[PDB]
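Scroll down for the structure; my scribbles are underneath it.
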Amino acid sequence: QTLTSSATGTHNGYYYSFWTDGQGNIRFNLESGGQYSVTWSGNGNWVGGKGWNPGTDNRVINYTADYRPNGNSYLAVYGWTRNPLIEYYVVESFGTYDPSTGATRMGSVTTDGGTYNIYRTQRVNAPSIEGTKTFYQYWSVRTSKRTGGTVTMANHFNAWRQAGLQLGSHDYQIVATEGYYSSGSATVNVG
Ligand SMILES: CO[C@H]1OC[C@@H](S[C@@H]2OC[C@@H](S[C@@H]3OC[C@@H](S)[C@H](O)[C@H]3O)[C@H](O)[C@H]2O)[C@H](O)[C@H]1O
């Protein structure tokens, strides 16, 4: 089950979302259980992974990953909420670009053996799950990169809410790999 374009659905009990601007080279493959593999290069812009839809406030995610990025890429729990429309990330690892660069810091949270700095950014009239919109992005960036473990979402959501970052009704929630003008490979297994 190799994807040929942006796509969503459920595979082996896991929701999957793959978004690509169609550029560069990329092969996103759905695999057994909560696993997926992706190999990419060139000048593409994409993000995809497996998880759940809808996400929940208290989900405890367990994942493993063989992550090998080259350039701007992220390995992170990724999801959205509506009313308010929010795109969020729990960045476990990343490449050459720290997504919080120049972002407004909103404190930090210690969870699952790691420490994460919290940030908020804004996207103006950009693609979203509701079409072209202007929305906030919430980030939890681990101070030390890792590619596997447990992520207790309640600790991230509550840290954000307490810092004044409101969350809406949950849309999808996945363990994603993302890249922008980067290259590399990754095999991620959720659960
Ligand atoms: C830097 O981030 C880059 O990768 C991630 C995307 S976000 C992307 O936005 C589109 C939605 S799918 C969307 O749903 C609504 C209907 S109306 C529309 O036709 C669909 O395309 C994806 O789930 C989400 O991952 C950034 O845009 C991009 O810059």
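Each chain in the structure tokens gets a letter, A, B and so on, in the order shown; residues start at 1 in every chain, and ligands are counted from 1 in the order they appear.
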Would you please give, as a VMD selection string, all residues of chain A that DSSP assigns to helix (DSSP H, G or I) based on the backbone?
chain A and resid 153 to 162
Sort by chain and increasing residue number a table of all residues of chain A within 9 Å of ligand 1, each with its closest pair of atoms and their distance in Å to one decimal, counting only C-alpha atoms and all ligand atoms, and write it as a tab-separated table.
```
residue	atom	partner	partner_atom_place_in_ligand_line	distance
A:6	CA	ligand 1	21 (O)	7.7
A:7	CA	ligand 1	12 (S)	8.3
A:8	CA	ligand 1	23 (O)	8.3
A:17	CA	ligand 1	23 (O)	6.3
A:18	CA	ligand 1	25 (O)	6.8
A:19	CA	ligand 1	25 (O)	5.2
A:20	CA	ligand 1	4 (O)	6.9
A:21	CA	ligand 1	28 (C)	7.7
A:45	CA	ligand 1	3 (C)	5.7
A:46	CA	ligand 1	4 (O)	4.7
A:47	CA	ligand 1	4 (O)	5.0
A:48	CA	ligand 1	25 (O)	7.1
A:78	CA	ligand 1	25 (O)	8.6
A:79	CA	ligand 1	25 (O)	8.1
A:80	CA	ligand 1	23 (O)	8.3
A:87	CA	ligand 1	7 (S)	7.7
A:123	CA	ligand 1	29 (O)	8.8
A:126	CA	ligand 1	27 (O)	6.0
A:127	CA	ligand 1	27 (O)	4.3
A:128	CA	ligand 1	9 (O)	3.7
A:129	CA	ligand 1	14 (O)	3.4
A:130	CA	ligand 1	15 (C)	4.5
A:131	CA	ligand 1	17 (S)	4.1
A:132	CA	ligand 1	17 (S)	7.8
A:172	CA	ligand 1	23 (O)	8.2
A:178	CA	ligand 1	4 (O)	6.8
A:179	CA	ligand 1	4 (O)	7.5
A:180	CA	ligand 1	1 (C)	6.8
```
Using only C-alpha atoms, which of A:152, A:101, A:112, A:91 sits nearest residue 139 of chain A?
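Checking each candidate against residue 139 of chain A, we get A:91 as the closest.
Each of A:22, A:28, A:125, A:154 was checked against residue 44 of chain A using only C-alpha atoms; the smallest atom-to-atom distance is that of A:22.
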What residues in chain A get the DSSP label strand (DSSP E or B)? Please answer as number ranges by chain.
A: 2, 7-11, 14-20, 25-30, 35-41, 45-52, 60-82, 86-94, 104-111, 114-126, 129, 131, 133-142, 148-152, 169-190
Can you tell me which residues surround residue 166 of chain A at a distance of at most 10 Å, considering only C-alpha atoms, apart from same-chain residues fewer than 4 positions away, and format the answer as an mmCIF file with N, CA, C and O atoms, in the first residue's frame?
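File part-v2.cif, as written:
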```
data_model
loop_
_atom_site.group_PDB
_atom_site.id
_atom_site.type_symbol
_atom_site.label_atom_id
_atom_site.label_comp_id
_atom_site.auth_asym_id
_atom_site.auth_seq_id
_atom_site.Cartn_x
_atom_site.Cartn_y
_atom_site.Cartn_z
ATOM 1 N N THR A 81 -6.992 20.695 16.100
ATOM 2 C CA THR A 81 -8.243 20.864 16.830
ATOM 3 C C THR A 81 -9.003 21.891 16.005
ATOM 4 O O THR A 81 -8.424 22.540 15.123
ATOM 5 N N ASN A 83 -12.232 24.996 16.359
ATOM 6 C CA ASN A 83 -12.954 25.868 17.287
ATOM 7 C C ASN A 83 -12.308 25.895 18.673
ATOM 8 O O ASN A 83 -12.907 25.462 19.662
ATOM 9 N N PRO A 84 -11.095 26.464 18.778
ATOM 10 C CA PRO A 84 -10.296 27.083 17.716
ATOM 11 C C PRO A 84 -9.513 26.126 16.817
ATOM 12 O O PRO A 84 -9.159 25.019 17.224
ATOM 13 N N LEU A 85 -9.247 26.572 15.592
ATOM 14 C CA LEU A 85 -8.471 25.789 14.636
ATOM 15 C C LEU A 85 -7.014 25.913 15.078
ATOM 16 O O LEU A 85 -6.449 27.010 15.081
ATOM 17 N N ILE A 86 -6.414 24.791 15.459
ATOM 18 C CA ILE A 86 -5.029 24.776 15.920
ATOM 19 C C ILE A 86 -4.274 23.591 15.328
ATOM 20 O O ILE A 86 -4.830 22.501 15.179
ATOM 21 N N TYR A 136 -3.128 29.419 14.695
ATOM 22 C CA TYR A 136 -1.963 29.289 15.553
ATOM 23 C C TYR A 136 -1.441 27.863 15.533
ATOM 24 O O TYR A 136 -2.189 26.912 15.292
ATOM 25 N N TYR A 138 0.919 25.256 17.923
ATOM 26 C CA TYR A 138 1.500 25.074 19.251
ATOM 27 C C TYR A 138 2.631 24.066 19.126
ATOM 28 O O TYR A 138 2.518 23.086 18.383
ATOM 29 N N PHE A 157 -0.894 19.005 26.506
ATOM 30 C CA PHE A 157 -2.109 19.803 26.364
ATOM 31 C C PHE A 157 -2.358 20.686 27.580
ATOM 32 O O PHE A 157 -2.707 21.858 27.448
ATOM 33 N N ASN A 158 -2.174 20.134 28.771
ATOM 34 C CA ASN A 158 -2.410 20.926 29.966
ATOM 35 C C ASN A 158 -1.384 22.038 30.137
ATOM 36 O O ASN A 158 -1.724 23.132 30.585
ATOM 37 N N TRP A 160 0.054 23.587 27.726
ATOM 38 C CA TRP A 160 -0.331 24.600 26.753
ATOM 39 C C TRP A 160 -1.521 25.413 27.245
ATOM 40 O O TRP A 160 -1.483 26.642 27.237
ATOM 41 N N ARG A 161 -2.577 24.725 27.673
ATOM 42 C CA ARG A 161 -3.775 25.404 28.161
ATOM 43 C C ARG A 161 -3.459 26.340 29.316
ATOM 44 O O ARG A 161 -3.938 27.471 29.360
ATOM 45 N N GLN A 162 -2.651 25.864 30.257
ATOM 46 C CA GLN A 162 -2.308 26.684 31.411
ATOM 47 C C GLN A 162 -1.519 27.925 31.015
ATOM 48 O O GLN A 162 -1.609 28.957 31.680
#
```
Interatomic distance between atom CA of residue 124 of chain A and atom CA of residue 49 of chain A?
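These atoms are spaced 24.2 Å apart.
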Spatial neighbours of segment 29-41 of chain A, 8 Å, only C-alpha atoms, chain gap at least 3 places, as a ChimeraX atom specification
/A:1-3,11-14,24-26,44,49-51,181-191
Restrict the selected residues to N, CA and C atoms and save them as a CSV table (one decimal), in the first residue's frame.
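Output file selection11.csv is given in full below:
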```
chain,number,residue,atom,x,y,z
A,1,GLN,N,0.8,-1.2,0.0
A,1,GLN,CA,0.0,0.0,0.0
A,1,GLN,C,0.8,1.3,0.0
A,2,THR,N,1.3,1.6,-1.2
A,2,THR,CA,2.1,2.8,-1.4
A,2,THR,C,1.2,4.0,-1.8
A,3,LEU,N,1.3,5.1,-1.2
A,3,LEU,CA,0.4,6.2,-1.5
A,3,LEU,C,1.0,6.9,-2.8
A,11,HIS,N,-5.7,2.3,8.4
A,11,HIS,CA,-5.0,1.2,8.0
A,11,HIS,C,-4.6,0.3,9.2
A,12,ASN,N,-5.0,-0.9,9.2
A,12,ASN,CA,-4.7,-1.8,10.3
A,12,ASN,C,-5.1,-1.3,11.6
A,13,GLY,N,-6.3,-0.5,11.6
A,13,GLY,CA,-6.8,0.0,12.9
A,13,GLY,C,-6.2,1.4,13.2
A,14,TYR,N,-5.3,1.9,12.4
A,14,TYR,CA,-4.7,3.2,12.6
A,14,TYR,C,-5.1,4.2,11.6
A,24,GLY,N,9.2,17.3,-5.3
A,24,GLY,CA,10.3,16.4,-4.9
A,24,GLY,C,10.0,15.0,-5.1
A,25,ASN,N,10.8,14.1,-4.5
A,25,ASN,CA,10.6,12.7,-4.6
A,25,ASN,C,10.2,12.1,-3.2
A,26,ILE,N,9.1,11.3,-3.3
A,26,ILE,CA,8.6,10.7,-2.0
A,26,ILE,C,7.8,9.5,-2.2
A,44,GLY,N,10.5,18.8,-1.8
A,44,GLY,CA,9.2,18.6,-1.4
A,44,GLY,C,8.8,19.2,0.0
A,49,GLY,N,1.7,10.4,8.7
A,49,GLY,CA,1.9,9.4,9.8
A,49,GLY,C,0.7,8.6,10.1
A,50,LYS,N,0.8,7.8,11.2
A,50,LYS,CA,-0.3,7.0,11.6
A,50,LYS,C,-0.7,7.4,13.0
A,51,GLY,N,-2.0,7.2,13.4
A,51,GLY,CA,-2.5,7.5,14.7
A,51,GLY,C,-3.9,7.3,14.9
A,181,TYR,N,12.0,20.5,1.7
A,181,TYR,CA,13.3,20.6,0.9
A,181,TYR,C,14.4,19.8,1.5
A,182,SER,N,14.0,18.6,2.1
A,182,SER,CA,14.9,17.7,2.8
A,182,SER,C,14.9,16.4,2.1
A,183,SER,N,15.7,15.5,2.6
A,183,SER,CA,15.8,14.1,2.1
A,183,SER,C,16.0,13.2,3.3
A,184,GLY,N,15.8,11.9,3.1
A,184,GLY,CA,16.0,10.9,4.1
A,184,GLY,C,15.1,9.7,4.1
A,185,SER,N,15.0,9.0,5.2
A,185,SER,CA,14.2,7.8,5.3
A,185,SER,C,13.7,7.7,6.7
A,186,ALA,N,12.6,7.0,6.9
A,186,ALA,CA,12.1,6.8,8.3
A,186,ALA,C,11.1,5.6,8.3
A,187,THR,N,11.1,4.8,9.3
A,187,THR,CA,10.2,3.7,9.5
A,187,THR,C,9.7,4.0,11.0
A,188,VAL,N,8.4,4.3,11.1
A,188,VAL,CA,7.8,4.6,12.4
A,188,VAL,C,6.7,3.6,12.7
A,189,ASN,N,6.7,3.1,13.9
A,189,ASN,CA,5.7,2.1,14.4
A,189,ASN,C,5.0,2.7,15.6
A,190,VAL,N,3.7,2.9,15.4
A,190,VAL,CA,2.9,3.5,16.5
A,190,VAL,C,2.3,2.3,17.2
A,191,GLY,N,2.5,2.2,18.5
A,191,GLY,CA,1.9,1.1,19.3
A,191,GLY,C,2.9,-0.1,19.3
```
Excluding residue 140 of chain A and any residue of its chain fewer than 2 positions from it, enumerate the residues within 8 Å of it, using only C-alpha atoms, and give them as JSON, numbers by chain.
{"A": [89, 90, 91, 108, 116, 117, 118, 119, 138, 142, 156]}
List every residue of segment 95-184 of chain A that has an atom at most 7 Å from any atom of segment 59-69 of chain A, giving for each one its closest atom pair and the distance in Å to one decimal, counting only C-alpha atoms, sorted by chain and then by ascending residue number, as a tab-separated table.
```
residue	atom	partner	partner_atom	distance
A:95	CA	A:69	CA	6.0
A:147	CA	A:65	CA	5.4
A:148	CA	A:64	CA	4.2
A:149	CA	A:63	CA	5.6
A:150	CA	A:62	CA	4.4
A:151	CA	A:61	CA	5.0
A:152	CA	A:60	CA	4.6
A:153	CA	A:59	CA	5.8
A:183	CA	A:69	CA	6.2
A:184	CA	A:69	CA	4.6
```
